[PDB]
């Protein structure tokens, strides 16, 4: 049998540790774990270790709450680990995951996992993406993950994370291009060190952030989406530079002031725009895609005017 004996026992232990759910009844001692019949399990054919390097646990419908099994640490060749959509998965992200030294892609999402996002993840130098969204995570954001050299993005949306965004999150490498931490409880300001990032995507919507978000803008940046809705931000929007790549700009429900920047008429790919429920004033820039957006995208500001709104005096 091709299945490695130690991977085999860890997988059967994981199964037992989750109450031997019927959703894992394909994990049979009588069949080879490497031959694609064990649901969600694959072995590394590419590097020819033939060790289990890809595990997907999804929608298992556990019969009662169980934590993330510490037997996951006994699959040391994991590169890809997805754990998601499991209502009855509870407890913290165990330091047992630190044993997965070759992880590239890690998702623990749409579960009831709780506690803080662990600071130990910074030691897993192969990490390319982290997704811990839609769980019950609390605590503050772990500052040390900014040292990860291959990390391209973090997806931490929809938890209960509190505290300020660490200044060290402006220190990610040039490969880091996507940061979403929406629907949490962050407070404070966006760190000035974020001028060092070049984000394709940034979503910090539905938090309690305050102050200036100008650092996330710039005509030298390569940014496709900027989503900052539902915070308490306040800065002069008319002063910001805009990435030519911008396709989505959502700043609704903040305390942003000044005029809309004339540079918006030059964005060829702007397809979604919402600046409602702010303190903006002045003529809406006429040109580009600006007059294609409904009135509701600009309404409820202080004194905006010009098409699609009534004429300026």
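Positions refer to the first chain, counted from 1.
For the segment pair 148 to 156 and 189 to 197, the entry gives 189 to 197 the higher mean B-factor, averaged over Cα atoms. Looking at 25 to 33 and 243 to 251 together, the entry lists the larger mean B-factor for 25 to 33, computed on C-alpha atoms. Going by the entry's values, 95 shows the largest Cα B-factor out of 238, 115, 95, 85.
Split the chain's modelled residues into thirds by C-alpha temperature factor. Residue 72 is in the middle one. In this PDB entry, residue 44 carries a Cα temperature factor that places it within the middle third of its chain's modelled residues. Sorting the modelled residues of the chain by their CA temperature factor places residue 224 in the lowest third. Among the modelled residues of its chain, residue 264 has a C-alpha B-factor that falls in the middle third according to the deposited record. Per the PDB record, residue ranking by Cα B-factor puts residue 274 in the middle third of the chain.
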